[PDB]
Every structure is written in structure tokens, then in C-alpha cells.
Visitor: 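This structure is in C-alpha cells; I'll ask about it shortly.
In each ligand, atom 1 is the first atom listed, and ligand 1 is the first ligand listed. Numbers here simply count residues along the sequence, with the first being 1. Only heavy atoms go into these numbers, but all of them, side chains included; no hydrogens, no water, no symmetry mates.
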Amino acid sequence: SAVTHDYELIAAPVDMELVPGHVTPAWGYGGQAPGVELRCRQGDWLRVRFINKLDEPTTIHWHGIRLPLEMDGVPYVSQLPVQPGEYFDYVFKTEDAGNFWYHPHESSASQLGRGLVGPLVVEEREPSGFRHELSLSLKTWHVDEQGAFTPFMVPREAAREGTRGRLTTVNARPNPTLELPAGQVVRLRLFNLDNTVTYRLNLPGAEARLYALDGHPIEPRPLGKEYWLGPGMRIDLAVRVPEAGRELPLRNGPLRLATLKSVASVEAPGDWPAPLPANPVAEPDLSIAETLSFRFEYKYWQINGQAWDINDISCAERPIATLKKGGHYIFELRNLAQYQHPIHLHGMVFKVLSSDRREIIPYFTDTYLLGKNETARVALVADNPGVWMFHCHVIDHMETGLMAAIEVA
Ligand SMILES: [Cu+2]
Ligand SMILES: [Cu+2]
């Protein structure tokens, strides 16, 4: 009748030698940054005793999980900030398998910037045919050449593509070599845990197939040339590991993020897995849907429908829209700028229909990377009652105005 995955998760200072010979005074979940991997299994309860051992308030928002509003981790909408030395018990069922993540939703640029980000895997209820998996958490740290943090908001940058760090890491390490077994198909779980970077992921040489995007399965498709992994996006990238001693570079454009060294296995080469089964998300019914149009765009640099978010007041009470529970809606997402925005909706999963620019194979996701001057159409069932944040996931833009709240009732 119930399975529960218990975790005690502590946010606390972590000193990290990101730049050899230098201390970076980071903040981490479970003694590391990126934070410890949380695992659950689809259909089961995830129970996390979150304990704040930072010197300021924080919450944990569970990016991509359709959970009840009480557990969304948004200060003053979900809960009260968790104060230093206090705890909060996040309990919710994970009905969607795949790759999610977690991070604060309080002092976000700073707290995410300093390390408060982690991967969450919801295992499929039935065994995927994957024999091997590897989790890759990308983060581009705003630290200078001596390990010190640079500002997480720099206005000139917040009005552009966002405040970009300098030091790219995969699982806290600049450009690691990850060993994988030869001949085998490996599910690489790729998490962009960065505040601002879009990694133009490419893996030259290897046969690589996309199996899921932002925690939701697709008809598997070759990687091809590149995949633009925006902040807070994830993919499962199944890779045929080449014969032993080969070394493939996972890249952000021409830059190596990581190297995948094919190691000798005695295991038989296994076949490509079947498509991951769809998560139980409410099919939007286009013929019955109603459209809402949204216009994008140390103070207000970005606007939603002419409304800046003030990340300093409790203005989640004047919601940009009010959806009926069980209602089917189309969101037209209009980027009225030369700046891309990874636009994210809490609480709910939307299906990407079409774009101005891109040809779309329709898929479900909590985030759409909204290109420069792009108009994309996106559809959802207003499944989950509450007040859900709707924002660009470049943490700078979210903090300098690019956020709104959508009330489901
Ligand atoms: Cu979210
Ligand atoms: Cu943005």
C-alpha cells in the first residue's frame, strides 16, 4: 500500500577547492555542491526532512515534480521560509519518472549560485531496459581565478543573457573523465544545475539518442549536432559506448565538459532500450483549449505582460492569470527580445506544440527554452490547484522581474 524513500537533507556551508589551491566558500546540500543525489521510484513517496544549517532562510523547490502546492517550496505561497536551524518535511508522491532537480526558491541567485542545487532521479516503476546510467550535473560557477565568488547578479549581465559564471564543472569537477563500459548502452542523465548557462551539448563521434527531456520520455531520436540544455533542463542521453580505450568528449560547443572513456567490459553489448513509458500527465485536448498570451518583456529589467516581479514583496497575491482546475489552456509564449529565456512553470507540465522558429516534435516538459524573438505555443491541463510560479529560469532574469504567478482554482 505505501513505499516511502526517507532522506534527511541538510543545507550548510561547504568549502570547496574548485580552483586548485583556493577555497571557495560554497553552500551545499549534504556536504557537497552540486548537492547529493536524491532517488525515488515512480508511484512512491519521497520524504525529505530538510534542515536549514545556513545562516539565512531557504526552502527547497522540487523542480519538475507535480506535487501539492504546500510542498512547492515557494516562500509565502507554499510555506514559510525555513529559518536557520529549523527543518521542513517535504513529503510527496513522485508519479513521474525521470530527471528532476531541487534548489531553493529564496535568495535564489545567491543560494543557487553558491552551490544549492542537486539532482533528483525518479526511477521508472518498471525496469527500463537500461543496464547502466550515469548522472551529470552541470554547473558554471561564478568564481574568479582565486576561487572567490563574483557577483551572482551583475546588472549589465542581468539585462542581457544573465550573469554568467566562469568555471564549468560536471559533478563539481572541471572537465572530468568518466569511465563507462565498452559496447554497453548507457543512460546519461544530464542536469543543468546552472543559474544562467545554456550548454550547447554535442558528443562528436558517439551514437547518442535522446530518450527523455525535462523528466518526460520521448520517441527516441539521435542527438544529432547539438542539444541546447538550458538552465534547469535535463535530458536522458543514451550513448553507445564505443570499443574500449576510446575516449569521447562531451562538449559545450567546442569546449569539453567531460570526457567519456570507454572502459573494458566483459558484458555483452545490449540493444537500445525501448521508449520510456509516458509519465501519467494530463493530455491537453487542443480542440477544447483556451489561449493565454504571455509577453516577455538591481531593479526591474524584465517584464511579463508589462508586469515586473518584485522579488522583495509578497506579490504572489495578484496573479497574472487565473486558470480553472481541470481546464485546458494553450499558452502562447512570445519572446519580445533578442535574449533567450528558459521559461519554466511550477506545479504542472506543459506540452510544447509549435514554434515560430523551431520545428517542434511535441513533447512534455516543465521548461521551454524560448529563443530570441521566438513565439512558441505550449499547452497544459490546469491539473494541480494552487498558485504556481511562472518564470525564466536564468536566475538573474527571474530576480530582476521575469516571473509571474498563475493561480489554479
Ligand atoms: Cu520549478
Ligand atoms: Cu530569461
Side-chain angles (χ1 to χ4, degrees), residues 59-69 71-75 77-79 90 92 94 96 98-106 108-109 111-112 116-120 122 152-155 157-164 191-198 214-216 228 230-234 294-297 301-305 308-309 311 316 333-350 364-374 376 380 383-384 386-406 408:
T59 63
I60 293 173
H61 165 73
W62 304 90
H63 182 119
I65 302 305
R66 311 181 285 136
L67 36 62
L69 186 66
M71 303 285 166
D72 195 36
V74 170
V77 162
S78 154
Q79 63 175 287
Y90 298 93
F92 48 91
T94 58
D96 301 329
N99 297 313
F100 298 92
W101 59 304
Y102 65 95
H103 59 78
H105 224 282
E106 177 102 326
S108 305
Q111 292 190 178
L112 281 85
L116 292 157
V117 297
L120 174 53
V122 182
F152 305 107
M153 147 66 148
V154 172
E157 293 200 58
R160 50 104 83 74
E161 284 254 303
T163 305
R164 198 197 176 81
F191 308 82
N192 177 340
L193 309 186
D194 200 71
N195 287 39
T196 95
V197 177
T198 288
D214 310 309
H216 295 275
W228 288 44
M233 294 172 81
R234 300 91 63 206
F294 292 102
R295 300 175 312 286
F296 315 80
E297 69 121 57
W301 311 140
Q302 314 268 0
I303 245 174
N304 269 340
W308 88 137
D309 205 84
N311 137 64
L333 304 185
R334 308 165 63 204
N335 192 358
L336 312 182
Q338 271 322 264
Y339 290 109
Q340 68 197 308
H341 297 305
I343 297 284
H344 171 71
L345 182 53
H346 287 217
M348 268 134 53
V349 150
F350 52 82
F364 282 105
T365 176
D366 53 64
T367 299
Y368 186 63
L369 185 58
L370 195 60
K372 298 186 184 312
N373 278 3
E374 176 179 1
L380 54 108
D383 226 332
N384 185 1
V387 181
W388 311 95
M389 305 307 82
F390 181 46
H391 75 79
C392 167
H393 217 290
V394 167
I395 306 299
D396 267 17
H397 292 176
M398 168 190 86
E399 285 180 11
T400 61
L402 201 48
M403 171 153 78
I406 291 160
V408 187

Visitor: Counting backbone and side-chain atoms alike, does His63 have an N/O/S atom under 2.8 Å from the Cu ion (ligand 1)?
Guide: no
Visitor: Any side-chain heavy atom of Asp366 within less than 4.5 Å of one from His344?
Guide: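 Contact flag for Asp366/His344 side chains = yes.
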Visitor: For the pair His63 and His61, name the ring-plane relationship: parallel under 30°, tilted 30 to 60°, perpendicular over 60°.
Guide: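 Perpendicular: the ring planes of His63 and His61 meet at over 60°.
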Visitor: When you measure from the Cu ion (ligand 2) to each N, O or S atom of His397, which atom gives the shortest distance?
Guide: ND1
Visitor: With respect to the Cu ion (ligand 2), what is the nearest N, O or S atom of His341?
Guide: ND1
Visitor: Checking only N/O/S atoms, does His393 have one that is under 2.8 Å from the Cu ion (ligand 2)?
Guide: no
Visitor: Under the side chain to side chain donor-acceptor pair (under 3.5 Å) criterion, do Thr365 and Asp214 qualify, and how do the steps go?
Guide: CA-CA 5 Å; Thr365 176; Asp214 310 309; 2.8 Å; yes
Visitor: Measure up the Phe364 and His216 rings against each other and bin them: parallel (under 30°), tilted (30 to 60°), perpendicular (over 60°).
Guide: tilted
